[PDB]
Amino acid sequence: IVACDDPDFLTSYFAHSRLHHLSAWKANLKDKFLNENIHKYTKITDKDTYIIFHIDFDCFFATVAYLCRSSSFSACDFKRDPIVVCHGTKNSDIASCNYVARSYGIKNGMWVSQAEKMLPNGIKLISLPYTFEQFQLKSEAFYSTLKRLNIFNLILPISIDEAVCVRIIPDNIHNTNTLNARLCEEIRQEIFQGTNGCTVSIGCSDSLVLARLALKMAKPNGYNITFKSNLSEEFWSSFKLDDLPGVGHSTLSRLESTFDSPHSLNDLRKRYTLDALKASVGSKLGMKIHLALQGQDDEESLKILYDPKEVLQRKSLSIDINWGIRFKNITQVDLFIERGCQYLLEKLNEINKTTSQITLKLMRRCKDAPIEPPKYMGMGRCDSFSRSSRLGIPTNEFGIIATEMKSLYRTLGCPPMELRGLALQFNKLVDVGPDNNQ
C-alpha cells in the first residue's frame, strides 16, 4: 500500500489506473502515427471518394482478461458467465463486461455492488483482474494486422482498441457491398487469428458518423454496412439519443426536455428544428447533431481526415489525481505538487518542448459532504477550482514551474485536509529549435 504522501504514490496509482492506461496508450498511438508519417503525406484530399471502416474490439478488457486469465479461472466460460474486469468487490468500477453480463443490464462504469444486484440468485458474477501488458500486446497485434492487410490508405488510431481505417475508392473501380462484406470478413478473421481469439466488430459507411453508428449496430462480433444511400426509418429507430457522437448524459438530458423525451434517433429526427436544437444544446453541437441526423459529418470532424498530422499533434500535457488524495498539511501538498511537476517535466522533455502557460485544478470537499465518501479513497462530492498562469519565457525549468504551481495552489485557498483531487497542466507547448540564442 502506497499513500498520497509516499514518494511512489504517483507510480503505483498510474500502474493501477486503467483510465491512465487508456490515456497513455492513446497518446503513444498518436505520437507513433506522427513518427511513421513524418515523411509520408497523411491526408485525404477533396479529390477522394472514400469508405470508412470503424473497427474496435468487442468488450476489449473482458475479452482479453478472459483469454489470458490465471489458473484460478480456468473453468469459467466467456459465453455463459457474466464476467467483469475490476480491481475490487464493492465500490470498484466495472471497467469492462462481456455481453452475457450486459444481457442482465450491466454497463461499464457501474460499480461491482450495483451489478451484483441485477443478477438472479445462483448466477454468480466473475471478477477478472486487469492484464494491462496483455492489453497492449493484443492492441499491437490489432494495428499490425490492419497495416499488413494493405487495404487502407489511412489508419487513424482512436484508442488502444479502436481505429478508423480509410479506404480510397478510385473512380475506375465500382465499389459494391459484396466487396465491402468481403473486406469486413477478412479483417475480422485476420484480427481473430492475429490476436489469438479476440473479436472485433466493424461499421462500414461513407461518413465517419454513420460508420460510428453502424459499428454500434454491428456489435457484438459482427459487421454492418450502411452508406448514406441506405438510410431508413429502420436504421434510426435502432439507436438511443446518446448513441450520437458528442451526446453524453448532459446533452441527453437537455435533448430529452426540449423534445418530449425522444426514445430513439428516429423520434428525434421527426420532431426537431435546427434552431430549437441549437437553442437546446448549443450552436456548434446542435449543428453537429443536425448534420449527424442526415448521415453527414461536420467540418470539425472532417479535419482528422484532411490533416491528421495537425489533429493528432499533442497541444497540452497534464496529470490528474482525483483518487487517494488525503494530506494533513501544506508541506505534504507541496511535495506532491513537486513530484507532479517532476513527472510532467520528464514527459515534456521526451517530446522536446517547453511550456509557456500552466494550470492547477483542484477538487475540494463539499462543505456538507462526508469526510470519507462511499468509494474508498474517492474524491467524493466536490467543488472544482482552477487557476492558470502565463509564464514569461517558455521553459522546462523545474524551479520556475514547481514554484508557480505551488503559488497557484495557494491562491486557491484550499486547506490540505479538504483536498480531494489535483490536476497539473502544461497548457501551451513550444518547440525547441536548433537556434537557442536569446
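From 1 onward, residues are counted along the sequence shown. Think of the rigid core as the biggest set of C-alphas that the two forms share within 1.5 Å after superposition.
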**Study point:** Stretch departing more from the displayed form, 371-379 or 37-45, Cα RMS in 8 other deposited structures of this protein (core fit)
**Key:** 37-45
Check your understanding: When the core is superposed, where do the C-alphas shift more in 8 other deposited structures of this protein: in 404-412 or in 46-54?
Key -> 46-54
Review point. If you average the Cα B factors in the entry, which is higher, 264-272 or 320-328?
Key: 264-272
Review point. Looking at the deposited entry, does 113-121 or 308-316 carry the larger mean Cα B-factor?
Key: 113-121
Exercise for review: Specify which of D31, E397, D56, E404 carries the largest Cα B factor in the deposited PDB entry.
Suggested key: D31
Check your understanding: Among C184, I173, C86, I151, which residue carries the highest C-alpha B-factor recorded in the PDB entry?
Key -> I173
Revision key, fill the gap. For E350, the third of its chain by CA B-factor is the middle
Practice item. Name the third of the chain's ranked CA B-factors that contains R381, choosing lowest, middle or highest. Key: lowest
Exercise for review: Give the position of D431 by CA B-factor within its chain, expressed as the lowest, middle or highest third.
Suggested key: highest
Point to revise | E234 by Cα B-factor - lowest, middle or highest third of the modelled chain | key: highest
Practice item. Pull the Cα B-factor of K361 out of the PDB entry and bin it into the chain's lowest, middle or highest third. Key: lowest
